[PDB]
Amino acid sequence: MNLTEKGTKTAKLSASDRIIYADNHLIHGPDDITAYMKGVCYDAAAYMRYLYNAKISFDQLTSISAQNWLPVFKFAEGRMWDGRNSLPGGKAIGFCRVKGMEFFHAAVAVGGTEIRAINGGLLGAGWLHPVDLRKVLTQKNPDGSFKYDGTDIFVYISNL
Numbered sequence: 001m002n003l004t005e006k007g008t009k010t011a012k013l014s015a016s017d018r019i020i021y022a023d024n025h026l027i028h029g030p031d032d033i034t035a036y037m038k039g040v041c042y043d044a045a046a047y048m049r050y051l052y053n054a055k056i057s058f059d060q061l062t063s064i065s066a067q068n069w070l071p072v073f074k075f076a077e078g079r080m081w082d083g084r085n086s087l088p089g090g091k092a093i094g095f096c097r098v099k100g101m102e103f104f105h106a107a108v109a110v111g112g113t114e115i116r117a118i119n120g121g122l123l124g125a126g127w128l129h130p131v132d133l134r135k136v137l138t139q140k141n142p143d144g145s146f147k148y149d150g151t152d153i154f155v156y157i158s159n160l
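If you're matching positions, the sequence shown starts at 1 in PDB author numbering and goes up one per residue.
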């Protein structure tokens with residue numbers, strides 16, 4: 001992804017300082033992830049995982065863009081959200097159509113069932129406008145999918 005001047009400075013902090021930085025400026029606001037990187041939902045999620053010391057090199061951060069994060073997140077290899085329990089703070093949350101497991105959105109868990117994201121409409125339309133998944137994904141199917149916008153989706157917690 002492309003970084004801003006501020007996103008570059010923040011990315012080159014030590015692993016320790018990056019965690020402290022995310023906690024103080026981003027996971028609960030008041031900063032907007034768009035002030036750090038110029039990407040879309042997947043890049044916002046990857047940037048936050050990188051700050052929390054995920055297995056992402058600076059070179060991967062500054063060369064992988066948008067959907068190319070999908071083989072790094074490996075969402076379908078993670079834990080399915082059961083629709084009721086808390087999401088682990090700072091983790092990447094992936095949303096896919098059941099049919100073909102086609103991922104269309106990524107968010108960041110910020111506590112309980114709340115998420116921050118960009119470019120996701122009802123699943124997060126701005127980093128500073130958190131969404132409670134329990135308010136949006138209320139109807140759960142026998143397969144563990146949820147009814148969303150006329151179709152069925154899975155919710156996965158990336159291990160990244």
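No residue lacks a Cβ here, since even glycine has one placed at the ideal position from N, Cα and C.
- In the three-state scheme derived from DSSP, where H, G and I count as helix and E and B as strand, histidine 28 is classed as coil.
- With contacts defined by Cβ atoms closer than 7 Å, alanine 109 and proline 88 form a contacting pair.
- Nearest to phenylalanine 104 by alpha-carbon distance, out of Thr113, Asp132, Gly112, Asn119, is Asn119.
- The C-beta distance from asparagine 159 to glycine 94 rounds to 11 Å, too long to meet the 8 Å contact threshold.
- Restricted to the segment 72-138, the alpha helix (DSSP H) segments that are unbroken, complete and at least 4 residues in length are 133-136, listed in chain order.
- Going by DSSP, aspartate 43 is part of the alpha helix (DSSP H) stretching over 41-51.
- In the DSSP assignment, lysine 9 falls within the unbroken alpha helix (DSSP H) covering 5-11.
- A distance below 7 Å separates the beta carbons of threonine 113 and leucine 133.
- For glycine 7, the number of other beta carbons within 10 angstroms of its own is at least 16, and it is reported as buried.
- Across the set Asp143, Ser86, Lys140, the C-alpha of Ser86 shows the shortest separation from the C-alpha of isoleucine 115.
- For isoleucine 64, the three-state secondary structure derived from DSSP is coil.
- Per DSSP, reduced to three states, the secondary structure at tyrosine 148 is strand.
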